[PDB]
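1. I need the structure of the sequence given here:
(chains A, B, C, D, E, F, G, H, I, J and K)
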Amino acid sequence: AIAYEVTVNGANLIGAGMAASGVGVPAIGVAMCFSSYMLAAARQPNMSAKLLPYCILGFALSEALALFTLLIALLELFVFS
Amino acid sequence: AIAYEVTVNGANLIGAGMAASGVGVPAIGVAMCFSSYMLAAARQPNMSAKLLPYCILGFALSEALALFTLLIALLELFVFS
Amino acid sequence: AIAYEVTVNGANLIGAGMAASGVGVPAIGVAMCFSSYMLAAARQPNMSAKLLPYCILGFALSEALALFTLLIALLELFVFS
Amino acid sequence: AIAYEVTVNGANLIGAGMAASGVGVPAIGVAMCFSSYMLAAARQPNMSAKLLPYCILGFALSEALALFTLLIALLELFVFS
Amino acid sequence: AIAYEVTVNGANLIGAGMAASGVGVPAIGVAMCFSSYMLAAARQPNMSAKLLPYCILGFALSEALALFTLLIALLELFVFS
Amino acid sequence: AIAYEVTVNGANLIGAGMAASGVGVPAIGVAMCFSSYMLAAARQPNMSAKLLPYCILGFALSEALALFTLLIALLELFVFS
Amino acid sequence: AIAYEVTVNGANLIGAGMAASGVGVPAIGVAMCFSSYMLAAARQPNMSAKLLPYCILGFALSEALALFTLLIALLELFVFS
Amino acid sequence: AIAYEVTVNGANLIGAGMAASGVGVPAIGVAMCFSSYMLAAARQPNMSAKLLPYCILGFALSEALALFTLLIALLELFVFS
Amino acid sequence: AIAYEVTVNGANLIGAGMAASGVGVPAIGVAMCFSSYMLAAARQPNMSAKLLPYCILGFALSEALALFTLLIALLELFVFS
Amino acid sequence: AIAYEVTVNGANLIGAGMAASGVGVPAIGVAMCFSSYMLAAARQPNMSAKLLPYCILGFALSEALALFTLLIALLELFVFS
Amino acid sequence: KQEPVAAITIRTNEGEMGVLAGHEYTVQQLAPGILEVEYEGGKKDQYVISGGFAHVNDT
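-> Numbering: from 1, shown residues only, chains lettered A, B, ... in the order given. Coordinates below:
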């Protein structure tokens, strides 16, 4: 059997877009958190001050997931040849 | 075994087309916020002033991810040969 | 190892078919915004004047993302060789 | 370092499929908008005429995103060789 | 440089599938419109006759987008050599 | 420039798979329609005969889109070489 | 110009995976067609038996769509080279 | 025309991924079928005994779709050359 | 007719990613299940115990699918050459 | 026939993108969970203490799925040649 | 008349609801059925009703 190693340098710059396509999905979670806090606050203003920590936490985790999805791409390109 | 490095110069102009697919995905995750603010202000208009910050706050970040999905597509093409 | 640079001219175009896939996805966030305005005014008509601004705002920004997703797909063909 | 420039004439067409995949997504926004108008009229018929302009606006703009996507898919064929 | 023009005749019969992926996306919106008409007539039967013209209207326009998608899959095979 | 026409035969099938991927999305519209009919009839059983026609209509329409998509998936193997 | 028929036998076994991505989707319709019924029975126990036929109907039709999607994948392999 | 037959041993394993992409989707049809039992049971506990026969049924059949969508991913690897 | 068998050792590492994308989708069914439990308990706290098992049960099943969608991506890499 | 082995090193840096697409979707599960906690607490704060652990569990396992996906995108790159 | 109560359970057309302390302000019909009151002592009291309107408070 013959052996042909091949190195597509340009594949450095294809997989980054496939991560960038998923950088934006967690936004749907983000607003879905804040969108809830309003409605809850609409139904119970007295609880508005006790729900905000859980809101910020959900936001932070969604943002961090997007951040890792983006960190792959920024790590995919700016170091790999 | 034999070694063939290849440099596909068109791959640059492919990942941008795949990254940009995710620039609109935050949009549903953006207007979800304002829509929820309308629903809350319709439920409790009195609370509207206390709800507008969080709304804007969500929009300040849900949209940002879109930019981080667009930046790649504009950082992928115009600088990589 | 051997150096095979290749310049694919078809990748001038394939990406425009991919970014264009993400030009429609803002439209749902659009229609969500307007639908929310309708349902809010149906829940509180007299507030309909105060909710219409926010609607437009979210709308435009959602649409703006589409435009950028539409910019690339038109920035990718009419100039790139 | 060798240079193989390749002109793929069939990539004229593959992208024309992918762009078409985005032409349907605005339809769910159109339906969301008309659904909202229906349900608001069922909540408050006195607001039937006041809300209809916003319904037409949202439908027009979702349809316009779909139209630009279809324009890419067709322009990608009937002028490009 | 060297110039290899390639005419891939099989890409004739690839994008036709990709477009066919999006022909079904309008159907969920279609069903949304009819679902909304049902629930609106339930909340207020008296308005049923007044809401039907939009319902039908909404369907057609949603379907139109799917149709154009399908047309590409029929315009990509039966005319392209 | 040099002219390499290639007839890739496997492309008779790779698109059919994609043509199958869109067959499933209309099922969500079918189910949404029957679900809406159920909920509306449960809110107003006396309307059950007046809403059942539009239900069947929505099913047939969504299923027609699925049939066209599947039609490509079967029109792409048994006739195309 | 030159003519090169390439017979990629392995493309037998790509679409069979691709189609499977659309085989699982109708479940979301399917379960919905059941999820409504419970709620209908929750909203009105007396109207359970009158609504069961439409439940089974939507179930069977969505499952048949999934079955026709799977038919391509299983037919793409065990008859095709 | 010339005849280059090829047998790709790697595409025996790409399609598995494309199939595994659709094994997680019917999970939604699981939750939507159990979640509905919760709220229904919350709205009418005395009906919980007769609603449960529907829940597990819809679940099982959705899971059947997922099982086939996975079965290709097992049938694509352990038997094919 | 000429015959070129080829053994691609890189496909080993691609399908896992394509499987990995389907690993995050069951998470939404997970959350749908637990959210349903929360809202049903809010509706009827006295039922909060009687609905707890189904929730867990539903979760596990969705999680099981993810495991399969994660099994392949781990069974595709660390055993295949 | 004839036997050509190939080793595409660039496939190392593609699937890590394909996996990263699915890292963002579980963020929706996280957000769905917290949004449910808010809209349950705002209906019955006395159950907040009883509903927070399940909510906690809800954003662990969901997140865990994403991590596995992300792990692959870190286990695909930093170990494979 | 203004009895301390731990919990209460009402029936409606949308379905059966359950109210506890600090429940959201909601006003809604009572479908003709049963009505369960649960005191802090764990006991219960069931009452049959003929329609009505339940007015809940945040306080």
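
2. Helix, strand, or coil at residue K:54?
-> Secondary structure assignment for residue K:54 (DSSP: H, G, I helix; E, B strand; the rest coil): strand.

3. State the number of residues packed around it.
-> With neighbours defined by other C-beta atoms under 10 Å in any protein chain shown, the count for residue K:54 comes to 15. (Each C-beta comes from the backbone N, C-alpha and C, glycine too.)

4. Which element, helix or strand, includes residue K:25?
-> For residue K:25, there is no host helix or strand (DSSP states H and E).

5. And residue A:38, by the same measure?
-> Secondary structure here is read from DSSP H and E; on that basis residue A:38 sits in helix A:26-43.

6. relative orientation of that helix and helix B:25-43 in degrees?
-> Relative orientation of helix A:26-43 and helix B:25-43, computed by axes from the mean of the first three to the mean of the last three C-alpha atoms, to 10 degrees: 0 degrees.

7. Helix A:26-43 vs chain C: in contact?
-> No - applying C-beta under 8 Å from any C-beta of the partner chain, one finds helix A:26-43 out of contact with chain C, separated by at least 9.6 Å.

8. Can you give me the buried ones in the helix or strand just after that helix?
-> Of the helices and strands lying after helix A:26-43 in sequence (DSSP H and E), the nearest is helix A:48-77. Within helix A:48-77, the residues that qualify as buried are A:48, A:51, A:54-55, A:57-59, A:61-66, A:68-77, counting by 16 or more other C-beta atoms under 10 Å in any protein chain shown.

9. Just want the angle from the helix holding residue A:38 to helix J:48-75.
-> For helix A:26-43 and helix J:48-75, the angle between their directions (the same axes, to 10 degrees) works out to 170 degrees.

10. is helix A:26-43 up against chain B anywhere?
-> Yes - Helix A:26-43 is in contact with chain B by C-beta under 8 Å from any C-beta, via A:26-39, A:41-43.

11. which bits of chain K sit near chain I?
-> With C-beta under 8 Å from any C-beta as the criterion, chain K comes near chain I at residues K:7, K:9, K:15-18, K:20.

12. ok, so of those, who is nearest residue D:10?
-> Within those, proximity to residue D:10 (C-beta to C-beta) peaks at residue K:15, which comes in at 58.5 Å.

13. which residue packs closest to that closest one, ignoring adjacent ones?
-> Leaving out its chain neighbours, the residue that sits closest to residue K:15 by C-beta to C-beta, 6 or more residues apart in numbering or on different chains is residue H:43, at 2.7 Å.

14. Equivalent analysis for residue K:9, please.
-> Nearest non-adjacent residue to residue K:9, counting by C-beta to C-beta, 6+ apart: residue K:36, 4.0 Å away.

15. so that neighbour bridges to which residues?
-> When bridges are assigned using DSSP bridges, the partners listed for residue K:36 are residue K:9, residue K:46.

16. Hmm, residue A:19 is touching residue A:70, no?
-> Yes - here residue A:19 reaches residue A:70: they are 7.1 Å apart, a contact under C-beta atoms under 8 Å.

17. for the residue positioned nearest the centre of chain A, what are its contacts?
-> By C-alpha atoms, centre = their mean, the mean C-alpha position of chain A lies nearest to residue A:66, the distance being 1.3 Å. For residue A:66, the contact set (C-beta atoms under 8 Å, 6 or more residues apart in numbering or on different chains) comprises A:23-27, B:65, B:68, J:24, J:27.

18. check which helix or strand covers the residue of chain K positioned farthest from its centre.
-> Farthest-out residue of chain K from its mean C-alpha position, per C-alpha atoms, centre = their mean: residue K:41, at 17.1 Å. Mapping residue K:41 onto the secondary structure by DSSP H and E places it in no helix or strand at all.

19. tell me, how many neighbours does the residue of chain A found nearest chain E end up with?
-> Per C-beta to the nearest C-beta, residue A:21 is where chain A lies closest to chain E, at 15.6 Å. Taking other C-beta under 10 Å as the criterion, the count of residues near residue A:21 is 30.

20. same check, this time on residue K:47
-> 8.

21. how close does the closest residue to it other than its chain neighbours get to chain H?
-> Nearest residue to residue K:47 in three dimensions, chain neighbours excluded: residue K:35, at 4.7 Å (C-beta to C-beta, 6+ apart). Here the criterion is C-beta to the nearest C-beta, to the nearest Å. By it, residue K:35 lies 15 Å from chain H.

22. One more: residue K:4?
-> Residue K:4 is 26 Å from chain H, by C-beta to the nearest C-beta.

23. That residue belongs to a strand?
-> No - counting by three-state DSSP, residue K:4 is located in no strand; its state is coil.

24. Could you pull up the residues touching it?
-> Contact partners of residue K:4, counting by C-beta under 8 Å, 6+ apart, are K:39-40.

25. Phi, psi for it please.
-> With angles defined as degrees, to the nearest 10, residue K:4 shows backbone torsions of phi -60, psi 130.

26. what residues does chain K put near chain G?
-> Counting by C-beta under 8 Å from any C-beta, chain K comes close to chain G at K:13-15.

27. need the residues you listed in CSV with neighbour count, can you?
-> Conversion of those to CSV gives the following (neighbours: other C-beta atoms under 10 Å in any protein chain shown):
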residue, neighbour count
K:13, 12
K:14, 15
K:15, 20
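
28. any idea which of those residues is closest to chain D?
-> Comparing every one of these with chain D (C-beta to the nearest C-beta), the shortest separation belongs to residue K:14, at 16.4 Å.

29. Quick check: that closest one touching residue H:40?
-> No - with contact defined as C-beta under 8 Å, residue K:14 and residue H:40 do not form a contacting pair (11.6 Å).

30. List the contacts of residue A:76.
-> Counting by C-beta under 8 Å, 6+ apart, residue A:76 has contacts A:12, A:15-16, A:19, J:13, J:16-17, J:77.

31. could you redo the last one with a cut-off of 6 Å?
-> Each residue near residue A:76 by C-beta atoms under 6 Å, 6 or more residues apart in numbering or on different chains is listed here: A:15-16.

32. Relative to residue A:69, how far out is it?
-> Residue A:76 sits at a distance of 11 Å from residue A:69 (criterion: C-beta to C-beta, to the nearest Å).

33. and what of residue A:27?
-> Look at residue A:27 and residue A:69: by C-beta to C-beta, they are 11 Å apart.

34. intersection of neighbour lists for those two?
-> Residues touching both residue A:27 and residue A:69 (C-beta under 6 Å, 6+ apart): none.
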